[PDB]
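Given next, in structure tokens, is a single chain: the form deposited in one PDB entry.
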């Protein structure tokens, strides 16, 4: 009874991060010890003519990015654990997240390490037009 959501290639990393006090640090450490990044994300097919903004209602990848379903790039959504936001709610679930193509092999790690500019809506260091 029920429907599977996951593949065996993610069992170890998700189990490790589901028990950690600090899930983000556990994910970083798992990768540094030679572990594979989380796979089975929701990658979208799109026209690559989008705005390039980081977090959007519909896919907005430009030619330097890929678009993914938001929840699938969120470590806290993937491990079904508490979000570190004040009210425990997610900022990626229910949106699409644009990830630079050079980082698209590890969308979960990308969202953990990076920050969205609130002025222009693009990732700091990967599109932000403010600095």
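Positions refer to the first chain, counted from 1.
A second form of this protein, the form solved in complex with a small molecule, is not displayed here; the remarks below concern that form.
Engineer: Among the candidate residues 103, 46, 31, 71, which is the single one with a non-hydrogen atom no more than 4.5 Å from the small molecule in the deposited bound form?
Structural biologist: Comparing distances to the small molecule in the deposited bound form, the residue within 4.5 Å is 31.
Engineer: Is residue 24 close enough to the small molecule in the deposited bound form to count, meaning some heavy atom within 4.5 Å?
Structural biologist: Residue-level check for residue 24: yes, a contact with the small molecule.
Engineer: Report whether the minimum heavy atom distance between residue 112 and the small molecule in the deposited bound form is within 4.5 Å.
Structural biologist: Heavy-atom contact with the small molecule at 4.5 Å: present for residue 112.
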